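Just so you know, all these numbers are worked out from the coordinates, no wet-lab data involved. FYI the Cβ positions are ideal-geometry reconstructions off the backbone, even for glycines, and counts take in every protein chain you see.
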Amino acid sequence: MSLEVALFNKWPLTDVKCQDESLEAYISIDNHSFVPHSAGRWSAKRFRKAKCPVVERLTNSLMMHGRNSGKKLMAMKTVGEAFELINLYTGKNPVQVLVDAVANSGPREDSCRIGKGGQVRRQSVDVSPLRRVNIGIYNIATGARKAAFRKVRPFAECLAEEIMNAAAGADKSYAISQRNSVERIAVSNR
RNA sequence: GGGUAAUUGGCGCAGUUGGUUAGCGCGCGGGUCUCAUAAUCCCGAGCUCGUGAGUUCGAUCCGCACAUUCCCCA
């Protein structure tokens with residue numbers, strides 16, 4: 001088009017998409033600015049966050065911890081480092097990897113408390129795309145967060161390793177293990 | 001003495017040349033106190049020698065405690 005928004009002025013958003021159909025439209029990949037810092041008043045309506053650039057969604061959860069509240073610049077720097085690492089291991093575009101990972105996480109079934117359900121009677125139910133993406137993001141970030149506490153290595157390396165593993169679907173990753181646990185326990189209750 | 005069967009995690013039982021096994025039981029967690037529920041996790045000369053076999057709780061033999069029946073001229 002007139003301009004391509006090379007993220008961090010390196011990686012583009014052109015030949016990028018999502019395979020899964022359920023959440024294809026709940027993932028914005030084209031309205032990314034050069035820098036994932038938009039003062040957009042997202043979270044104002046009920047479905048407007050479905051248009052937020054996925055990367056900004058990701059960075060907005062890396063500062064979940066109470067100590068690190070209100071720190072977006074460090075988050076953008078971290079994300080850039082992780083993207084270079086992904087490019088160096090894989091050779092491909094990290095955005096593709098990130099979208100594939102967010103798709104490969106996220107439970108497809110969960111247990112709730114329907115009707116009266118006395119005596120821990122929990123039926124099974126399916127899940128909406130929005131919750132799937134939210135949980136995927138939250139799980140990736142929390143998994144990288146848990147690995148780098150009181151450990152030598154930084155947060156960025158743990159982040160990138162988690163992301164690539166999840167894109168691979170390997171059970172070794174934290175998010176995949178959580179998803180499998182939840183899906184199974186819910187199957188028991190179905 | 002003669003025959004039959006068994007000794008297994010702290011607790012009784014299924015398991016027999018390729019799982020240390022199944023529950024009960026220990027405590028830490030969740031599930032509107034949170035127990036019936038569900039997750040994870042822990043506990044072993046498998047009575048004892050030889051015995052061949054890739055490999056025995058596991059398959060022969062050696063000895064011992066428990067349980068039923070039966071025999072008896074120092």
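Evaluate Rg over Rh across the stretch A:28-164, taking Cα atoms for both radii and Kirkwood's formula for Rh.
Values: Rg = 16.9 Å, Rh = 16.6 Å.
Rg divided by Rh gives 1.02.
With +1 on each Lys and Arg Cβ and -1 on each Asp and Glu Cβ, and nothing else charged, work out how big the dipole of the stretch A:22-157 is about its Cα centre, in Debye to the nearest 20.
Numbers: 24 positive and 10 negative charges, 170 e Å.
Using only the charged Cβ atoms, the result is roughly 820 debye.
As a quick test, which of the pairs A:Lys72/A:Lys172; A:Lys17/A:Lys49; A:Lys49/A:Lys172 have an alpha carbon distance above 24 angstrom in this structure?
Working: A:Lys72/A:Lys172 29 Å; A:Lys17/A:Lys49 18 Å; A:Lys49/A:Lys172 30 Å.
Beyond 24 Å: A:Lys72/A:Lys172; A:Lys49/A:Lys172.
Where nothing but the Cβ of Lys and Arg (+1) and of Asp and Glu (-1) is charged, how large is the charge dipole of the stretch A:91-190 around its Cα centre, in debye to the nearest 20? Show your work: numbers first, answer last.
On the way: 17 positive and 9 negative charges, 94 e Å.
The calculated dipole for the stretch A:91-190 is roughly 460 debye.
If you count, for each residue, the other Cβ atoms within 10 Å and average over each peptide, how do A:149-156, A:97-104 line up from highest to lowest? Spell out each step's value before the answer.
On the way: A:149-156: 11.2, A:97-104: 22.9.
So the peptides A:149-156, A:97-104, ranked by packing, come out A:97-104, A:149-156.
With +1 on each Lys and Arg Cβ and -1 on each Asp and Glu Cβ, how big is the dipole of the stretch A:24-92 about its Cα centre, in debye rounded to the nearest 20?
Value, rounded to 20: 460 debye.
Near A:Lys151, which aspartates and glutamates are there with a Cα under 20 Å away, not counting those fewer than 8 places off in the same chain?
A:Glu81, A:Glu161, A:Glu162
Using alpha-carbon pairs under 8 Å, 6+ residues apart, how would you state the relative contact order of chain A in percent?
Working: 233 pairs, mean separation 38.9, N = 190.
So the answer I get is 20 percent.
Please list the three semi-axes, largest first and in whole Å, of the ellipsoid equivalent to the stretch A:64-107, using sqrt of 5 times the eigenvalues of its alpha carbon gyration tensor. Walk me through the numbers before you get to the answer.
Working: eigenvalues 106, 54, 9 Å².
Output for the stretch A:64-107: semi-axes of 23, 16, 7 Å.
What percent do you get for the relative contact order of the stretch A:47-143 when only Cα pairs under 8 Å and 6+ apart count?
Details: 68 pairs, mean separation 24.9, N = 97.
26 percent.
Quick one: Debye curve from the C-alpha atoms of the stretch A:22-96, no solvent, what's log10 I(q)/I(0) at q = 0.14 Å⁻¹?
Log10 of I(q)/I(0), two decimals: -0.52.
List A:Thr14, A:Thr59 from most exposed to least, where exposure is judged by having the fewest other Cβ atoms within 10 Å.
On the way: A:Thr14 12, A:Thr59 21.
Listing A:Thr14, A:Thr59 from fewest to most nearby Cβ atoms yields A:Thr14, A:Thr59.
Just to confirm the number: angle between the C-alpha axis of helix A:174-189 and the first principal axis of chain A, 0 to 90 degrees, nearest 10?
It is inclined by approximately 20 degrees.
Could you state the principal axis extents of the C-alpha atoms in the stretch A:110-190, from the largest down, to the nearest angstrom?
Dimensions of the stretch A:110-190 along the principal axes of its Cα atoms: 48, 25, 20 Å.
How high is the relative contact order of the stretch A:91-190, in percent, with contacts defined as C-alpha pairs under 8 Å that are six or more residues apart? Write out the running numbers ahead of the final one.
On the way: 122 pairs, mean separation 36.9, N = 100.
It comes to 37 percent, rounded to a whole number.
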